[PDB]
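These protein sequence lines map, in sequence, to chains B and C. Taking the deposited numbering, the leading residue of the first sequence gets 975, the next gets one more, and so forth. Taking the deposited numbering, the leading residue of the second sequence gets 386, the next gets one more, and so forth. Ideal Cβ positions, reconstructed from N, Cα and C, are used throughout, including at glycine.
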Amino acid sequence: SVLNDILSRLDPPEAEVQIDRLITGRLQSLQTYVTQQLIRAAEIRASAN
Amino acid sequence: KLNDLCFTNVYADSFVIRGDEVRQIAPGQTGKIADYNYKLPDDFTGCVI
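Written as structure tokens, this is what we have:
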């Protein structure tokens, strides 16, 4: 689960398969969080207004 | 599909190694000669005969 840990253990050449995925998975976390924030922000905006 | 595709900057590599080490001369592989004499790049897009 750690980028520093995974990188030290693995070389770039075959590194990518695990390095690539963690990145894909983490991107997902951000998008969910980013999307979630917007919905929450919209709710707050209506409340603010 | 080689003929249909068109390319620039073609290079030719010449050398003789034993049959056992033929596997070593490939992208992302390890051998005495591969890591000490001639190492193929990770992004190589070439064909070896």
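For residue 985/B and chain C, any beta-carbon pair shorter than 9 Å? yes
Considering only residues of the same chain and omitting the five flanking positions on each side of residue 400/C, which have a CB-CB separation below 8 Å? 423
Can you tell me where the alpha helix (DSSP H) holding residue 1022/B begins and where it ends? 986-1022
Alpha carbon to alpha carbon, how far is residue 434/C from residue 389/C? Give it in angstroms, no decimals. 20 Å
If you measure from the beta carbon of residue 413/C to each beta carbon in chain B, is any gap under 9 Å? yes
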